[PDB]
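Next up: the same protein chain in two forms, each one alone, written as structure tokens (structure 1, then structure 2).
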Structure 1
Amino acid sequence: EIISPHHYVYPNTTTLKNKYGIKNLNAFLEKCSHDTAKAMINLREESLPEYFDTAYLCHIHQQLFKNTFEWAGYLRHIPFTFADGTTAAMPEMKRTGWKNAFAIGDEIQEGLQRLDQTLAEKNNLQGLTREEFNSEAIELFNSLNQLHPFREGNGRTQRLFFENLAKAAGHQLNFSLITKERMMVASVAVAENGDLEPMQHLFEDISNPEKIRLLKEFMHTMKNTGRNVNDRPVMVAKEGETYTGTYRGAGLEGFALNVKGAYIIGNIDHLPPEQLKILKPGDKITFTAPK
């Protein structure tokens, strides 16, 4: 048809039409990644907006991808005509039938106008406790996660939207301290089970100052190591729960385990003083976080 999802990509490829003219997928992805890293640096320095609505969501997307996509500010249900003449739109997404689905067509607008509406009626979640803010914020995050408003680049723009929302609301949400892996698990959990717990967990680690400092310290130890932890899920141990794995060492404020490819961080004071002594890197340890 005249308006098609296939018009987003270069013919006989899967690599999105972009301002660099790069048809090769890996060449494009590197350039997109390099340029959008630069845009983040500047977006973080701009003043927080007076209103948190979809217009602001779009501004973040527009500013991140202004040098990459001609449709930088654009929601995916709106027909977009490129400089090349072809018109693109993707109201479907399409998963396999057995997977959970994203929004289709007019639902995008409905769902986005709904977010706009609740952030207006609740004054950007502004006069709230952490518990209240988080509880309301998770609902909106998940709602926006299933709307999948842009053809691409949802993750970054969504994380910045919510980090800035938190800050304006008198609270914190350091998504910087969350790997691409953890987000995915937490997202998939909501989409399939309706299980909020991994996201509740995620938001808690990222907002509770006592858990921020623990993660901050651990993420520092990854700097200049030559590694990438972004494939690996990192967490602070849930209260009450019991983890068992191999000891990756201690710091001033906290320590780290390895549990089936995942890094669980704990407060150093929650260790029995006497274990802390004779614990060399590699030791198998079981650890139950306290109340």
Structure 2
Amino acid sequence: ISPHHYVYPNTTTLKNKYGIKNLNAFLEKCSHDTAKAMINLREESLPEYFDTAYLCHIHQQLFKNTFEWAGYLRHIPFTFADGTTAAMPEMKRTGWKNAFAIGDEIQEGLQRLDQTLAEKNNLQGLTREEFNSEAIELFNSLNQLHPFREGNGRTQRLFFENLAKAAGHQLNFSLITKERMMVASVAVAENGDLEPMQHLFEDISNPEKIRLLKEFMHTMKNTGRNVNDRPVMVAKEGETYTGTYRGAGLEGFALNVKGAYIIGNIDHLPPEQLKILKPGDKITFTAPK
């Protein structure tokens, strides 16, 4: 048994159903098939029990055409059709945080997630704020558990989108940049600080806020600007920001603060301000109640 058994000897490429040993061709083809699987997955009925079974069913549908172990957890020994047996009870991180659950810690953690969702009835019959506070605890825990050999982020995100949908809310992760995701997660894992993650879940659940970030991202694409490496967020109620006026749109306006993009509602600007405001102007904005 060995973690090494997941990759072709003398390479860094994961054994796959296509037999691609060249890393980038494997990535493009696995990416292509996983796109196909997500579109079709969007057509299945939502489960009655959100649990570890459902998590593994999602991973299995995403990666079944790529990996023999689609849907298998990494601390359970998996035997390839070639005869070798792989597992990775400990998956070390280069340079990173407190890292990931090890071995039996994965198992315990998943049992806990199973118990919690079950006693709280899949987080249903809650308001949006209630749902988000519960969801955040489960999301941080699944972040640490990281139970699959590969594809953990994609499976977890789909799990929490569908979980919110069945509880009558939404989580729109396509509005979150790679930068902001990493800031929020390491604030949890490193500093014990939940605020960035709570603010993340608020921006992508609040309908008023989703409209604003939708417009901003749409503009960025039409501009041909890639913000995946920058913080993008909606101004928090009561906070003040000071920076460079970035322009305005039908629904919202953008502020630029030490490289970050801060989105706010146009109706919250003083109309005596909006009138003469030019891109590059230095403005201060306090978001209201």
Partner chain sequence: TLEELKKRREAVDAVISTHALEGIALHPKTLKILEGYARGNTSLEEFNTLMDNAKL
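Here the rigid core means the biggest group of C-alpha atoms that line up within 1.5 Å when the two forms are laid on top of each other. Quick note, the numbers are simply positions in structure 1, starting from 1.
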Please identify the form deposited with its partner chain bound: structure 1 or structure 2? 2
State in degrees the rotation separating the positions of the smaller rigid part between the two structures, with the larger part superposed on its C-alpha atoms. 11
Core superposition result - C-alpha of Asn142, shift between the two structures, Å: 0.3
How much does the C-alpha of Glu131 move between the two structures, in Å, when the core is lined up? 1.2
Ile285 CA shift between the two structures in angstrom, with the core used for superposition: 4.3
